[PDB]
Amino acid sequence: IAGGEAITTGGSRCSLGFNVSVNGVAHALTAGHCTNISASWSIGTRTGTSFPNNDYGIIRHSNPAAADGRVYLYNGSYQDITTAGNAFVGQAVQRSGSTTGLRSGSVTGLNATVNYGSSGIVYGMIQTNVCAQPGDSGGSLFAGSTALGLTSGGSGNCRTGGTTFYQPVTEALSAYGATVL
């Protein structure tokens, strides 16, 4: 399983953000509002979660051979990931997720505060003009082979278009001492 593919727990579905390594052990990053749901996932056991405030969580793989260091492009192809970086305003980006597949757009803001009402407030979010839908959360925000974020939320959808916010991937990596595969 690669970046942007479905990960579920009981009836819930989220998308995998990035396959990473912690002291050589294979794990996967995804959104924290996803991992708060349960410790048991199709791919393994949750070993960390942070939502709200942040929006990231981590799952250790039951099957290490499934830790595919790429992002699925939903066209029978994949993008290799080799590093993690920080987003910049005007950057050309892509987002891969299990509901809508691959979408593209550009970063329009950084360090954005997002109020999700009863779900709480998140801070320091990457802002883009890329669309997303329910099910797309936790999936990959990348630029080429550089990992940049995890889908959190937004407004709109993929037909009318909308605004999406992502948790910066480097803050999740440093939280857990992880490195992208």
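When you see a residue number, it is the position in the sequence shown, counting from 1.
Set 149-157 against 62-70 and average the Cα temperature factors; 149-157 ends up higher. If you average the C-alpha B-factors over 88-96 and over 74-82, the higher value belongs to 74-82. By the numbers in the PDB entry, the CA B factor is greatest at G117 among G138, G117, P52, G44. Of all the options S15, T163, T170, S21, the entry's greatest CA B-factor is assigned to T163.
The entry lists a Cα temperature factor for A112 that places it in the middle third of the chain's modelled residues. When the CA B factors of the chain's modelled residues are split into thirds, the value for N129 lands in the highest one. Residue-level temperature factors show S38 in the highest third of its chain, judged at the C-alpha atom.
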